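Peer 1: What follows is a single structure, and I will ask about it in a moment.
Read-outs: derived from the displayed coordinates by stated rules, not from any lab. FYI the Cβ positions are ideal-geometry reconstructions off the backbone, even for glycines, and counts take in every protein chain you see.
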Amino acid sequence: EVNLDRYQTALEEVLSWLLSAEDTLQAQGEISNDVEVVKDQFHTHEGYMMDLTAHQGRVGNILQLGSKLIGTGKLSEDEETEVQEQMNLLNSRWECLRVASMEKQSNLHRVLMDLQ
């Protein structure tokens, strides 16, 4: 029961962080025509990908905890359904950010190999 609570506490935290990191990526806007802003944008996004990587460990940890909870057989019908929906969401929201962050990294690095 404390498992099911420690899990759900980490889930809201990572999930919230995930909406925030989306927020951040979608505020960044467009890559600069100015090679000077671009380099800044590039070195900023590299700290973003460092941050991404660390939170990738948290997402997996919650995926492990969630799964094992299901696996114990010790969850009720509803409890299981919910842990199941939560991991869909965690999987899908993570992958959506992870892909856009990788695009951005590529577009940023490509536009600097060009211009800088």
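Peer 1: Given the structure, is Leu69 in contact with a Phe, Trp or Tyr (Cβ under 7 Å, 6 or more places away or on another chain) and surrounded by 12 or more Cβ atoms within 10 Å (Cβ to Cβ)?
Peer 2: yes
Residues checked against (1) closer than 29 Å to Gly29 by Cα; (2) aromatic (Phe, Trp, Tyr); (3) in contact with a helix residue (DSSP H, G or I) (Cβ under 6 Å, 6 or more places away or on another chain):
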| residue | (1), (2), (3) |
| --- | --- |
| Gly66 | no, no, yes |
| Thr72 | no, no, no |
| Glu77 | no, no, no |
| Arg93 | yes, no, yes |
| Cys96 | yes, no, no |
| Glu103 | yes, no, no |
| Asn107 | yes, no, no |
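Peer 1: If you don't mind, another one. What number of residues in region 31-49 are part of a helix (DSSP H, G or I), over 13 Å from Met102 (Cα atoms) and among the charged types (D, E, K, R)?
Peer 2: Residues flagged as part of a helix (DSSP H, G or I), over 13 Å from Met102 (Cα atoms) and among the charged types (D, E, K, R) within region 31-49 amount to 3.
Peer 1: Moving to a separate point now. Of the residues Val83, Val14, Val59, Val37, which is within 30 Å of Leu115 (Cβ to Cβ) and β-branched (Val, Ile, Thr)?
Peer 2: Selected residue: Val37, the only one of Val83, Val14, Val59, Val37 that is within 30 Å of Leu115 (Cβ to Cβ) and β-branched (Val, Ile, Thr).
Peer 1: So how many residues does region 73-92 have that are free of Cβ contacts under 8 Å to residues at least 40 places away in the same chain and not charged (D, E, K, R)?
Peer 2: Residues meeting the conditions: 8.
Peer 1: Would you point out which residue out of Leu112, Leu19, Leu63, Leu52 is loosely packed, with under 12 Cβ neighbours inside 10 Å, among the hydrophobic types (A, V, I, L, M, F, W, C) and in a helix (DSSP H, G or I)?
Peer 2: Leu19
Peer 1: Output the qualifying pairs, or none if there are none: Cβ atoms under 8 angstrom, residues six or more apart or on different chains, first residue in region 93-110 and within 13 Å of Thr53 (Cα to Cα) and touching a residue at least 24 places away in the same chain (Cβ under 8 Å), second residue among the hydroxyl-bearing types (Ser, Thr, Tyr) and surrounded by 11 or more Cβ atoms within 10 Å (Cβ to Cβ).
Peer 2: Short answer, once both residue conditions are applied: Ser101/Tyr48.
Peer 1: I would also like to ask the following. If you go through region 22-81 one residue at a time, how many are charged (D, E, K, R) and within 30 Å of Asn3 (Cβ to Cβ)?
Peer 2: 9
Peer 1: For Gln28, all conditions in the list (1) over 12 Å from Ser101 (Cα atoms); (2) more than 13 Å from the chain's Cα centre (by Cα); (3) surrounded by 13 or more Cβ atoms within 10 Å (Cβ to Cβ) hold save one; what is the number of the exception?
Peer 2: Failing condition for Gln28: (1).
Peer 1: In addition: Take region 75-109 and flag every residue that is of a type in the set (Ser, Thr, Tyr) and either touching a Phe, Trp or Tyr at 6+ places or on another chain (Cβ under 9 Å) or not in a helix (DSSP H, G or I) (or both).
Peer 2: Passing the criteria: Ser76, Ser101.
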